[PDB]
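**Q** This is the structure I have questions about; it appears just below.
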Amino acid sequence: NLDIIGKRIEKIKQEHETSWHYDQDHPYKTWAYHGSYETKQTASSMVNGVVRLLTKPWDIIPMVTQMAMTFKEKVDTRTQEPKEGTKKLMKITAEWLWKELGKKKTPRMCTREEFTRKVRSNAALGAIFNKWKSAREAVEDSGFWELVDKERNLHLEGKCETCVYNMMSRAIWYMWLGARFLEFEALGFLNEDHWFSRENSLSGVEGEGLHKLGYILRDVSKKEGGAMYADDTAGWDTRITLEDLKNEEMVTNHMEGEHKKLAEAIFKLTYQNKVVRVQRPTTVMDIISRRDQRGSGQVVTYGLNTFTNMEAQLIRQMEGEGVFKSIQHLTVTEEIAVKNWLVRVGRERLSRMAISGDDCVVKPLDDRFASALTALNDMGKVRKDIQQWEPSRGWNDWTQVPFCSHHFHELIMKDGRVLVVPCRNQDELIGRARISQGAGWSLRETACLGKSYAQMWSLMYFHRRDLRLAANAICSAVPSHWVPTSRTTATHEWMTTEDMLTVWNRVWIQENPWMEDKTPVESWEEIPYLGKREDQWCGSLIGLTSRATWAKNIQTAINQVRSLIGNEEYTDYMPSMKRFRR
Ligand SMILES: [Zn+2]
Ligand SMILES: [Zn+2]
């Protein structure tokens with residue numbers, strides 16, 4: 001409590017002395033409330049005109065058009081302390097898991113240099129605008145780094161002054177760039193050095209890419225076992241316990257010298273104790289605190305979500321296999337059995353999972369896993385959209401399993417080679433590509449974002465008739481040499497000015513470990529589509545009059561956009577498809 005957060009609270013109090021008031025009508029039960037001060041301010045979703053003009057049939061599809069229009073009673077909830085048996089299972093599993101992850105990796109500090117390069121090609125390192133305009137400016141100014149130095153020496157002293165969250169099933173906690181640097185300095189190694197790669201962690205998929213995830217799920221399928229289970233947690237971040245935060249902090253046991261102390265301070269001062277400012281319209285700024293739940297940078301959140309999810313799913317697998325009888329209390333011989341299970345089969349059991357933060361797929365030894373719920377419920381990882389004690393419904397077809405918002409199709413090329421391709425409802429793909437975020441987009445920047453979506457579709461979603469055609473239309477409508485952009489940057493091989501067929505060959509043939517025959521593909525016509533009925537099942541408009549007219553008259557739509565952008569160098573990509581190839 002207040003001895004760790006008081007300095008932070010006291011500093012905010014004194015910057016708003018003409019405002020500070022201990023409000024009585026405060027809406028907090030589960031958060032500690034400390035006081036309020038005077039403020040007033042608010043970013044909606046804007047439409048990408050280049051993508052919309054080239055996807056006219058979708059202008060009358062509500063699932064697309066509604067995406068561009070327009071719980072915080074989940075953040076104000078409180079998870080119960082797990083039983084002693086649950087706490088023991090988690091501590092033994094976490095200790096074993098950090099050792100496995102660290103066998104072939106060395107924890108290390110991330111550098112001002114690495115941080116500087118990051119800001120200077122835009123990663124979403126959720127910072128705030130204000131003493132400098134942007135992050136790009138602060139990073140060049142030596143005053144900033146003296147502010148970083150002050151706080152850093154405070155963290156070595158076991159104290160914190162400026163590491164405060166700003167709050168804005170979602171909730172995003174920005175800190176100032178200084179706080180984010182110190183987080184990145186101490187814990188950036190987890191992402192930067194790929195601790196959650198599939199090579200290193202066996203369950204993880206960090207850095208694997210949407211063209212690899214389907215092949216990974218198919219490899220899990222080839223294990224002897226029962227169904228595939230893919231249970232979502234209801235509000236994962238809100239269900240992270242103080243016990244979870246303490247098992248995560250054990251990564252510091254693998255560290256040394258200064259790094260060890262810097263990492264311990266991030267865990268102690270910013271994760272296990274938190275200070276947050278929230279805008280209330282009644283407009284006052286509330287300064288509130290709590291010990292539990294997830295509130296880190298999005299990239300550290302991803303790695304620690306993956307770790308604690310891997311831990312929770314190994315414990316659920318232990319319960320299914322009868323390694324322990326009750327969560328109330330582990331006997332001495334049950335502890336030795338849990339330890340022995342981990343040593344003996346732990347790595348095999350990790351290989352049976354695919355885990356991406358809070359998202360998992362598990363192929364357990366058998367279907368006893370379906371009803372093994374006491375540990376999972378007692379850890380607070382309560383399943384979404386199913387009654388607390390109802391057995392999980394598993395999948396018997398790896399092509400049906402949901403993972404990272406996708407399902408995966410097995411697609412045989414005319415030459416017999418096998419592509420395992422990512423897919424989702426096509427209304428979701430078109431509806432997302434029609435949205436831009438933020439203000440001051442030039443026509444050129446809007447066109448270059450359209451091109452980024454077009455290139456992503458050609459690489460990942462080439463098997464969807466509507467998207468291959470729309471991609472070629474967008475690429476034909478945007479100047480050939482203009483560089484694709486995004487504003488929040490899986491591996492993004494579509495972000496390039498290289499010929500996308502050369503990129504398709506590198507990703508799907510040359511660099512694909514599941515493809516033994518490395519014969520290059522010479523044209524887009526060698527590259528197959530889903531069955532027409534499967535394409536309709538996954539949202540295609542093939543067969544509709546609106547879609548037929550759009551396809552037939554596509555050069556008229558391309559010419560409309562070219563006329564808006566003006567007299568530039570364009571390429572006609574439409575003859576890469578049979579029907580336009582004369
Ligand atoms: Zn601090
Ligand atoms: Zn599909």
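For the structure tokens, the naming scheme is as follows: chains receive sequential letters (A, B, ...) according to their order of presentation, residues are indexed from 1 within each chain, and ligands are indexed from 1 in presentation order.
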Sorted by chain and rising residue number, list the residues of chain A at most 12 Å from ligand 2 (counting only C-alpha atoms and all ligand atoms), each with its closest atom pair and distance in Å to one decimal, as CSV.

**A**
```
residue,atom,partner,partner_atom_place_in_ligand_line,distance
A:214,CA,ligand 2,1 (Zn),11.8
A:399,CA,ligand 2,1 (Zn),8.8
A:400,CA,ligand 2,1 (Zn),9.0
A:401,CA,ligand 2,1 (Zn),11.1
A:402,CA,ligand 2,1 (Zn),10.6
A:405,CA,ligand 2,1 (Zn),11.3
A:406,CA,ligand 2,1 (Zn),8.1
A:407,CA,ligand 2,1 (Zn),6.2
A:408,CA,ligand 2,1 (Zn),6.6
A:409,CA,ligand 2,1 (Zn),6.5
A:410,CA,ligand 2,1 (Zn),10.1
A:411,CA,ligand 2,1 (Zn),11.0
A:420,CA,ligand 2,1 (Zn),11.2
A:421,CA,ligand 2,1 (Zn),8.8
A:422,CA,ligand 2,1 (Zn),7.5
A:423,CA,ligand 2,1 (Zn),4.4
A:424,CA,ligand 2,1 (Zn),5.3
A:425,CA,ligand 2,1 (Zn),6.7
A:426,CA,ligand 2,1 (Zn),8.4
A:427,CA,ligand 2,1 (Zn),11.7
A:428,CA,ligand 2,1 (Zn),11.8
A:429,CA,ligand 2,1 (Zn),11.6
A:460,CA,ligand 2,1 (Zn),11.9
A:461,CA,ligand 2,1 (Zn),9.6
A:462,CA,ligand 2,1 (Zn),11.9
A:463,CA,ligand 2,1 (Zn),9.3
A:464,CA,ligand 2,1 (Zn),8.5
A:465,CA,ligand 2,1 (Zn),11.9
A:529,CA,ligand 2,1 (Zn),11.0
A:530,CA,ligand 2,1 (Zn),8.2
A:531,CA,ligand 2,1 (Zn),10.3
A:532,CA,ligand 2,1 (Zn),11.3
A:533,CA,ligand 2,1 (Zn),10.6
A:534,CA,ligand 2,1 (Zn),6.9
A:535,CA,ligand 2,1 (Zn),6.9
A:536,CA,ligand 2,1 (Zn),9.1
A:537,CA,ligand 2,1 (Zn),7.3
A:538,CA,ligand 2,1 (Zn),4.7
A:539,CA,ligand 2,1 (Zn),8.3
A:540,CA,ligand 2,1 (Zn),9.8
```

**Q** Selection from above, C-alpha atoms, as an mmCIF file, in the first residue's frame, can you write it?

**A**
```cif
data_model
loop_
_atom_site.group_PDB
_atom_site.id
_atom_site.type_symbol
_atom_site.label_atom_id
_atom_site.label_comp_id
_atom_site.auth_asym_id
_atom_site.auth_seq_id
_atom_site.Cartn_x
_atom_site.Cartn_y
_atom_site.Cartn_z
ATOM 1 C CA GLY A 214 -2.071 -23.480 -39.709
ATOM 2 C CA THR A 399 -9.392 -27.194 -39.843
ATOM 3 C CA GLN A 400 -12.370 -26.122 -37.601
ATOM 4 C CA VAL A 401 -10.310 -24.934 -34.544
ATOM 5 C CA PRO A 402 -10.349 -21.146 -33.941
ATOM 6 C CA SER A 405 -9.043 -14.916 -34.892
ATOM 7 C CA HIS A 406 -8.537 -17.457 -37.803
ATOM 8 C CA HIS A 407 -9.286 -20.991 -39.012
ATOM 9 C CA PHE A 408 -7.054 -22.850 -41.456
ATOM 10 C CA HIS A 409 -7.778 -24.683 -44.739
ATOM 11 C CA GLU A 410 -5.772 -27.519 -46.387
ATOM 12 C CA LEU A 411 -5.468 -26.506 -50.098
ATOM 13 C CA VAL A 420 -2.181 -24.717 -45.135
ATOM 14 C CA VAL A 421 -3.741 -21.230 -45.434
ATOM 15 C CA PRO A 422 -5.229 -18.750 -42.923
ATOM 16 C CA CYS A 423 -8.922 -17.733 -43.250
ATOM 17 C CA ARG A 424 -11.701 -15.784 -41.501
ATOM 18 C CA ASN A 425 -15.171 -14.435 -42.417
ATOM 19 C CA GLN A 426 -14.514 -12.163 -45.430
ATOM 20 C CA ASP A 427 -16.833 -9.402 -44.050
ATOM 21 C CA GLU A 428 -14.285 -8.980 -41.192
ATOM 22 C CA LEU A 429 -11.322 -8.669 -43.665
ATOM 23 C CA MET A 460 -2.294 -14.567 -46.870
ATOM 24 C CA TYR A 461 -5.839 -14.609 -48.453
ATOM 25 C CA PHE A 462 -5.019 -15.263 -52.203
ATOM 26 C CA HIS A 463 -7.384 -18.309 -51.933
ATOM 27 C CA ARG A 464 -10.477 -15.995 -51.495
ATOM 28 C CA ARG A 465 -11.735 -15.033 -55.040
ATOM 29 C CA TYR A 529 -8.488 -20.926 -54.576
ATOM 30 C CA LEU A 530 -10.772 -22.582 -51.981
ATOM 31 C CA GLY A 531 -13.663 -24.581 -53.520
ATOM 32 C CA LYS A 532 -16.353 -22.114 -54.712
ATOM 33 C CA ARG A 533 -18.849 -23.394 -52.082
ATOM 34 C CA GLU A 534 -16.211 -23.151 -49.268
ATOM 35 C CA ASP A 535 -15.472 -19.569 -50.501
ATOM 36 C CA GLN A 536 -19.215 -18.685 -50.134
ATOM 37 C CA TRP A 537 -19.318 -20.449 -46.687
ATOM 38 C CA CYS A 538 -16.431 -18.113 -45.575
ATOM 39 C CA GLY A 539 -18.344 -14.962 -46.757
ATOM 40 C CA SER A 540 -17.582 -14.686 -50.571
#
```

**Q** Write as a JSON list (two decimals) with N, CA, C and O atoms, in the first residue's frame the residues around ligand 1, taking 6 Å as the cut-off and counting only C-alpha atoms and all ligand atoms.

**A**
```
[["chain", "number", "residue", "atom", "x", "y", "z"],
["A", 151, "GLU", "N", 14.73, 8.64, -12.42],
["A", 151, "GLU", "CA", 13.76, 7.54, -12.09],
["A", 151, "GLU", "C", 14.51, 6.22, -11.91],
["A", 151, "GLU", "O", 14.19, 5.49, -10.95],
["A", 160, "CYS", "N", 9.72, 4.87, -6.59],
["A", 160, "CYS", "CA", 9.12, 5.24, -7.89],
["A", 160, "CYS", "C", 8.43, 6.60, -7.76],
["A", 160, "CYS", "O", 7.72, 6.80, -6.74],
["A", 161, "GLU", "N", 8.56, 7.47, -8.76],
["A", 161, "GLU", "CA", 7.98, 8.84, -8.74],
["A", 161, "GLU", "C", 7.06, 9.08, -9.94],
["A", 161, "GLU", "O", 6.05, 9.80, -9.75],
["A", 162, "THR", "N", 7.38, 8.56, -11.13],
["A", 162, "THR", "CA", 6.74, 8.99, -12.40],
["A", 162, "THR", "C", 6.13, 7.83, -13.20],
["A", 162, "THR", "O", 5.52, 8.13, -14.22],
["A", 163, "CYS", "N", 6.24, 6.57, -12.76],
["A", 163, "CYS", "CA", 5.69, 5.38, -13.49],
["A", 163, "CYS", "C", 4.20, 5.20, -13.15],
["A", 163, "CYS", "O", 3.86, 4.33, -12.31]]
```

**Q** Would you kindly return, as a PyMOL selection string, each protein, DNA or RNA residue with an atom no farther than 9 Å from any atom of residue 32 in chain A, considering only C-alpha atoms and excluding same-chain residues fewer than 5 positions away?

**A** chain A and resi 287-290

**Q** If you keep C-alpha atoms, can you produce a file of those selected residues as a short mmCIF file (atom, residue, chain, number, x, y, z; two decimals), in the first residue's frame?

**A**
```
data_model
loop_
_atom_site.label_atom_id
_atom_site.label_comp_id
_atom_site.auth_asym_id
_atom_site.auth_seq_id
_atom_site.Cartn_x
_atom_site.Cartn_y
_atom_site.Cartn_z
CA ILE A 287 -6.08 8.67 -9.13
CA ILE A 288 -6.73 5.02 -8.17
CA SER A 289 -4.48 2.04 -7.23
CA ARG A 290 -4.56 -1.79 -7.08
#
```

**Q** How would you write, as JSON, numbers by chain, the set of residues in range 319-507 of chain A that DSSP gives as strand (DSSP E or B)?

**A** {"A": [353, 354, 355, 356, 359, 360, 361, 362, 383, 395, 403, 406, 407, 408, 409, 410, 411, 412, 418, 419, 420, 421, 422, 423, 435, 436, 437]}

**Q** When distances are computed from only C-alpha atoms, which of A:294, A:434, A:114, A:390 shows the smallest separation from residue 66 in chain A?

**A**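 Ranking A:294, A:434, A:114, A:390 by distance to residue 66 in chain A, first place goes to A:434.
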
**Q** Compile the contact shell of range 75-85 of chain A as JSON, numbers by chain: residues with an atom at most 9 Å away, counting only C-alpha atoms, same-chain residues fewer than 3 positions apart removed.

**A** {"A": [28, 29, 30, 31, 71, 72, 88, 89, 90, 171, 235, 237, 238, 239, 240, 241, 242, 243, 292, 293, 326, 327, 328, 329, 330, 331, 375, 378, 379, 380]}

**Q** Just the selected residues (C-alpha atoms), exported as a compact mmCIF listing (two decimals), in the first residue's frame, please.

**A**
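Everything below was put into result.txt:
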```txt
# COMPACT_ATOMS: atom_id res chain seq x y z
CA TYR A 28 -14.87 2.42 -7.11
CA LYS A 29 -15.23 -0.73 -4.95
CA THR A 30 -12.30 -2.98 -6.14
CA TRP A 31 -9.84 -0.07 -6.92
CA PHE A 71 -16.61 -3.58 -20.47
CA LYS A 72 -15.26 -1.02 -17.87
CA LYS A 88 1.72 -24.85 -4.91
CA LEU A 89 0.92 -26.26 -8.44
CA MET A 90 1.45 -22.75 -9.98
CA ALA A 171 -8.55 -1.42 -21.70
CA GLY A 235 -11.40 -11.00 -19.68
CA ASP A 237 -6.12 -9.40 -18.19
CA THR A 238 -8.71 -8.76 -15.37
CA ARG A 239 -8.21 -12.37 -14.01
CA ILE A 240 -4.38 -12.07 -13.49
CA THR A 241 -3.95 -12.61 -9.69
CA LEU A 242 -1.22 -11.27 -7.34
CA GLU A 243 -0.08 -14.97 -7.26
CA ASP A 292 -3.52 -7.33 -9.20
CA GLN A 293 -4.70 -7.58 -12.91
CA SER A 326 -7.53 -32.06 -5.07
CA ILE A 327 -6.57 -28.34 -5.31
CA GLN A 328 -7.40 -27.88 -1.57
CA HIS A 329 -3.99 -29.36 -0.53
CA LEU A 330 -1.02 -31.06 -2.28
CA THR A 331 0.49 -33.93 -0.18
CA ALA A 375 -7.55 -25.86 -11.02
CA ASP A 378 -9.56 -21.77 -8.88
CA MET A 379 -6.69 -19.95 -10.78
CA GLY A 380 -9.50 -17.48 -11.83
```

**Q** Considering only C-alpha atoms, return as a compact mmCIF listing (two decimals) with N, CA and C atoms, in the first residue's frame whatever protein or nucleic-acid residues lie within 9 Å of range 564-578 of chain A, sequence-local ones (same chain, fewer than 6 positions apart) excluded.

**A**
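Saved result, out_2.txt, follows:
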```txt
# COMPACT_ATOMS: atom_id res chain seq x y z
N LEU A 443 -4.01 12.04 -49.19
CA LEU A 443 -4.51 11.05 -50.16
C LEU A 443 -3.45 9.98 -50.41
N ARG A 444 -2.18 10.39 -50.52
CA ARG A 444 -1.05 9.47 -50.75
C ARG A 444 -0.93 8.47 -49.60
N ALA A 447 -3.78 5.96 -49.70
CA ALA A 447 -3.56 5.01 -50.81
C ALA A 447 -2.52 3.97 -50.39
N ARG A 468 -8.49 -11.70 -53.89
CA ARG A 468 -7.40 -11.70 -54.89
C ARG A 468 -7.74 -10.63 -55.93
N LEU A 469 -9.01 -10.54 -56.33
CA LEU A 469 -9.48 -9.55 -57.33
C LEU A 469 -9.37 -8.15 -56.72
N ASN A 472 -5.63 -6.96 -56.45
CA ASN A 472 -5.11 -6.60 -57.80
C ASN A 472 -5.69 -5.24 -58.22
N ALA A 473 -6.98 -5.00 -57.97
CA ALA A 473 -7.61 -3.69 -58.26
C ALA A 473 -6.90 -2.57 -57.47
N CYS A 475 -3.83 -2.50 -56.05
CA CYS A 475 -2.42 -2.42 -56.53
C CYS A 475 -2.38 -1.76 -57.91
N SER A 476 -3.43 -1.92 -58.72
CA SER A 476 -3.54 -1.31 -60.06
C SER A 476 -3.90 0.18 -59.92
N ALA A 477 -4.59 0.55 -58.83
CA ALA A 477 -5.14 1.91 -58.64
C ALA A 477 -4.15 2.84 -57.93
N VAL A 478 -3.18 2.30 -57.21
CA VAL A 478 -2.18 3.06 -56.42
C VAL A 478 -0.88 3.06 -57.22
N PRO A 479 -0.16 4.21 -57.30
CA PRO A 479 1.07 4.27 -58.10
C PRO A 479 2.00 3.11 -57.74
N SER A 480 2.54 2.44 -58.77
CA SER A 480 3.33 1.18 -58.67
C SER A 480 4.47 1.32 -57.65
N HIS A 481 5.17 2.45 -57.64
CA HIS A 481 6.38 2.66 -56.78
C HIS A 481 6.04 3.20 -55.39
N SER A 523 3.54 -18.15 -62.14
CA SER A 523 2.43 -17.18 -62.28
C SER A 523 1.36 -17.37 -61.20
N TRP A 524 0.52 -16.36 -61.03
CA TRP A 524 -0.57 -16.38 -60.03
C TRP A 524 -1.57 -17.49 -60.40
N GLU A 525 -1.69 -17.87 -61.67
CA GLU A 525 -2.67 -18.90 -62.09
C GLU A 525 -2.30 -20.28 -61.55
N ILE A 554 -14.40 -3.68 -63.39
CA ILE A 554 -13.37 -3.32 -62.36
C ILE A 554 -12.43 -2.21 -62.89
N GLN A 555 -12.15 -2.19 -64.19
CA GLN A 555 -11.24 -1.18 -64.81
C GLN A 555 -11.85 0.22 -64.64
```

**Q** Quick one: residues within 7 Å of residue 285 in chain A, only C-alpha atoms, excluding same-chain residues fewer than 6 positions away - as a list in words?

**A** residues 36, 37, 38, 39, 277, 278 and 279 of chain A

**Q** Would you output that residue set with C-alpha atoms, as a short mmCIF file (atom, residue, chain, number, x, y, z; two decimals), in the first residue's frame?

**A**
```cif
data_model
loop_
_atom_site.label_atom_id
_atom_site.label_comp_id
_atom_site.auth_asym_id
_atom_site.auth_seq_id
_atom_site.Cartn_x
_atom_site.Cartn_y
_atom_site.Cartn_z
CA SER A 36 -9.54 13.84 -8.03
CA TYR A 37 -8.40 16.95 -10.08
CA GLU A 38 -9.70 19.15 -13.02
CA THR A 39 -9.26 18.10 -16.74
CA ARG A 277 -5.44 8.19 -13.75
CA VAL A 278 -8.97 7.74 -15.31
CA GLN A 279 -11.19 10.46 -16.97
#
```

**Q** For the atom pair CA of residue 543 in chain A and CA of residue 431 in chain A, what is the interatomic distance in Å to one decimal place?

**A**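 Computing the Euclidean distance for CA of residue 543 in chain A and CA of residue 431 in chain A yields 20.2 Å.
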
**Q** Quote the spacing between CA of residue 432 in chain A and CA of residue 69 in chain A in Å to one decimal place.

**A** 11.9 Å

**Q** Env of range 500-504 of chain A: 8 Å cut, atoms = only C-alpha atoms, seq-sep filter 5 positions within chain, self excluded. Answer as a PDB file with N, CA, C and O atoms, in the first residue's frame.

**A**
```pdb
ATOM      1  N   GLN A 455      -1.653  -5.986 -50.408  1.00  0.00           N
ATOM      2  CA  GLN A 455      -0.446  -6.862 -50.371  1.00  0.00           C
ATOM      3  C   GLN A 455      -0.661  -7.981 -49.332  1.00  0.00           C
ATOM      4  O   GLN A 455      -0.316  -9.157 -49.624  1.00  0.00           O
ATOM      5  N   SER A 458      -2.966 -10.567 -50.896  1.00  0.00           N
ATOM      6  CA  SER A 458      -2.292 -11.342 -51.970  1.00  0.00           C
ATOM      7  C   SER A 458      -1.414 -12.431 -51.343  1.00  0.00           C
ATOM      8  O   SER A 458      -1.299 -13.506 -51.944  1.00  0.00           O
ATOM      9  N   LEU A 459      -0.822 -12.167 -50.178  1.00  0.00           N
ATOM     10  CA  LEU A 459       0.098 -13.125 -49.524  1.00  0.00           C
ATOM     11  C   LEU A 459      -0.646 -14.150 -48.654  1.00  0.00           C
ATOM     12  O   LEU A 459      -0.212 -15.300 -48.611  1.00  0.00           O
ATOM     13  N   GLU A 493       5.573  -9.737 -44.046  1.00  0.00           N
ATOM     14  CA  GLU A 493       6.290  -9.878 -45.341  1.00  0.00           C
ATOM     15  C   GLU A 493       5.611  -9.105 -46.475  1.00  0.00           C
ATOM     16  O   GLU A 493       6.268  -8.971 -47.543  1.00  0.00           O
ATOM     17  N   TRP A 494       4.372  -8.626 -46.295  1.00  0.00           N
ATOM     18  CA  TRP A 494       3.670  -7.854 -47.350  1.00  0.00           C
ATOM     19  C   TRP A 494       4.140  -6.398 -47.343  1.00  0.00           C
ATOM     20  O   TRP A 494       3.752  -5.652 -48.240  1.00  0.00           O
ATOM     21  N   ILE A 509       7.009 -21.265 -50.499  1.00  0.00           N
ATOM     22  CA  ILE A 509       7.825 -22.365 -51.107  1.00  0.00           C
ATOM     23  C   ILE A 509       9.206 -22.372 -50.453  1.00  0.00           C
ATOM     24  O   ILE A 509       9.505 -23.307 -49.694  1.00  0.00           O
ATOM     25  N   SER A 523       3.537 -18.154 -62.136  1.00  0.00           N
ATOM     26  CA  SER A 523       2.428 -17.179 -62.278  1.00  0.00           C
ATOM     27  C   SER A 523       1.361 -17.374 -61.197  1.00  0.00           C
ATOM     28  O   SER A 523       1.322 -18.442 -60.536  1.00  0.00           O
ATOM     29  N   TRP A 524       0.521 -16.360 -61.027  1.00  0.00           N
ATOM     30  CA  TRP A 524      -0.572 -16.382 -60.031  1.00  0.00           C
ATOM     31  C   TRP A 524      -1.569 -17.491 -60.399  1.00  0.00           C
ATOM     32  O   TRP A 524      -2.150 -18.072 -59.496  1.00  0.00           O
TER      33      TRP A 524
END
```

**Q** Go ahead and compute the interatomic distance for CA of residue 231 in chain A and CA of residue 95 in chain A, in Å to one decimal.

**A**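 Value for the CA of residue 231 in chain A-CA of residue 95 in chain A distance: 24.9 Å.
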